[PDB]
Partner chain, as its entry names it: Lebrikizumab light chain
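Take a look at this single chain in structure tokens; it is the form solved without the partner chain.
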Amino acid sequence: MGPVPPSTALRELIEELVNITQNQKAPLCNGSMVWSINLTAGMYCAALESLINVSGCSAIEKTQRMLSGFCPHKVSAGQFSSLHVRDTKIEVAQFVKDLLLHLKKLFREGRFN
């Protein structure tokens, strides 16, 4: 009835992200690239604004919603927070995988958000 706990939401997110990335043949997006970010705490928020730059990819539309659950502040294609540094862009396939390592990482510390 009430929302799912933080630890449960994370596992459901990791299991879903892995599932769509294991049977994926070619890149989910047309080789779209995203800005690299620093994986620390506000990863969900920093990661969200980076995905907001990817359009035309429904396979990740649901992902943006689940990420928002950990980041209540919405981001428009005009408002940016972590894209202040001039980092290089990377393929989404790598962005999802790099994020996967950090997602299960916080599970070990049980420190969600």
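Numbering follows the first chain given and starts at 1.
Another form exists, deposited with the partner chain bound; not displayed. Remarks below refer to it.
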Worksheet item: Would residue 83 show up as a contact with the partner chain in the entry with it bound if we use heavy atoms at 4.5 Å?
Response: no
Worksheet item: Would residue 69 sit within 4.5 Å of the partner chain in the entry with it bound, counting heavy atoms only?
Response: yes
Fill in: Neighbours of the partner chain in the entry with it bound among 51-66 [non-hydrogen atom within 4.5 angstroms]
61, 62, 65, 66
